[PDB]
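Q: Structure of the sequence below:
(2 chains)
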Amino acid sequence: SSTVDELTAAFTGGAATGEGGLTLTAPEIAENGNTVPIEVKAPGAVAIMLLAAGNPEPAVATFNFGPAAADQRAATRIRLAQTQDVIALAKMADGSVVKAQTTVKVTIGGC
Amino acid sequence: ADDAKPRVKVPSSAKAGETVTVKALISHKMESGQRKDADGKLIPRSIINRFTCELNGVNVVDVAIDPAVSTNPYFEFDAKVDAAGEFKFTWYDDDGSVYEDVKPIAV
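A: Numbers count the residues shown, from 1 in each chain, chains lettered A, B, ... in the order given. Take a look:
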């Protein structure tokens, strides 16, 4: 299958994703593909993984929250080669994963 | 790498138990491996591949970073500040460099 699906399956341990409890924030239109603000939010998650489904190497980042984290929010700036779907995956203590997804328009393609 | 200059914005004090937002950047080209030259040759990847933030010896966040993360990697996240001490920020380069920063916090 696709690279996104292979990374997803490694992250779920072979299980389908679920839904709810995760917010993916990205701009509807990102002016500059080289630097696109992204925020992910998932109360209780042990880890949140970020994938950009239209990039050659779709993996962006995996955020692991330690015990000193006040909450399970992370924000970053990413590269998007062109208009595409951004995917967030949040893994809970029990090992189950939820998926959030949103399409980002990119005016100036990155790179 | 040369000139890997950390930039952290965080409050220097908190109330006991208060959440504080932490913003950490470092200067880095983040050569992604996707860029081509004028000869049309791919330019080899060289990025910072991991960022950690600890508060008083306890992890706040541990980030595994891939080439899609932008030039001058920026991470923002929230710390639960129980007692006075310090944040320690670490960045790992693909080239074997380790960059560190330290920020005090009073409670």
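
Q: From residue A:45, how far out is residue A:93?
A: Distance, residue A:93 to residue A:45, by C-beta to C-beta, to the nearest Å: 9 Å. C-beta: built from backbone N, CA, C; applies to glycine.

Q: and those two? which has more neighbours close in?
A: Taking neighbours as other C-beta atoms under 10 Å in any protein chain shown, residue A:93 and residue A:45 compare with residue A:45 leading, 26 against 8.

Q: tell me the contacts of that one?
A: Each residue near residue A:45 by C-beta atoms under 8 Å, 6 or more residues apart in numbering or on different chains is listed here: A:21-22, A:65, A:72, A:90-92.

Q: distance of it from chain B?
A: Separation of residue A:45 from chain B (C-beta to the nearest C-beta, to the nearest Å) stands at 12 Å.

Q: Let me see the contact set for the closest residue to chain A within chain B.
A: For chain B, the residue closest to chain A is residue B:59, as judged by C-beta to the nearest C-beta, at 2.6 Å. For residue B:59, the contact set (C-beta under 8 Å, 6+ apart) comprises A:64, A:66-69, B:52-53.

Q: Flag every buried residue along the helix or strand harbouring it.
A: In the assignment (DSSP states H and E), residue B:59 maps to strand B:58-65. For strand B:58-65, burial by neighbour count (16 or more other C-beta atoms under 10 Å in any protein chain shown) applies to B:60-65.

Q: Residue B:79: neighbouring residues, count only.
A: Neighbour tally, residue B:79, other C-beta under 10 Å: 27.

Q: in chain A, which spans are helices?
A: Secondary structure of chain A by DSSP state H: the helices cover A:3-12.

Q: what's the closest non-adjacent residue to residue A:74?
A: residue A:63 (4.4 Å; C-beta to C-beta, 6 or more residues apart in numbering or on different chains).

Q: contacting residues around the one you found?
A: A:40, A:47-50, A:74, B:61-63, B:77.

Q: could those be laid out in JSON lines, adding distance to residue A:105?
A: Rendered in JSON lines, the data for the contacts of residue A:63 read as follows (distance: C-beta to C-beta, whole Å):
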{"residue": "A:40", "distance to residue A:105": "19"}
{"residue": "A:47", "distance to residue A:105": "28"}
{"residue": "A:48", "distance to residue A:105": "23"}
{"residue": "A:49", "distance to residue A:105": "23"}
{"residue": "A:50", "distance to residue A:105": "18"}
{"residue": "A:74", "distance to residue A:105": "23"}
{"residue": "B:61", "distance to residue A:105": "29"}
{"residue": "B:62", "distance to residue A:105": "32"}
{"residue": "B:63", "distance to residue A:105": "26"}
{"residue": "B:77", "distance to residue A:105": "27"}
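
Q: List just the nearest of those residues to residue B:27.
A: Residue B:27 lies nearest to residue B:63 out of the contacts of residue A:63, by C-beta to C-beta, at 16.9 Å.

Q: In the sheet, which residues pair with that closest one? Tell me.
A: Applying DSSP bridges to residue B:63 gives these bridge partners: residue A:63, residue B:51.

Q: in terms of contact, does it touch residue B:74 like I think?
A: No. Counting by C-beta atoms under 8 Å, residue B:63 stays clear of residue B:74, with 10.9 Å between them.
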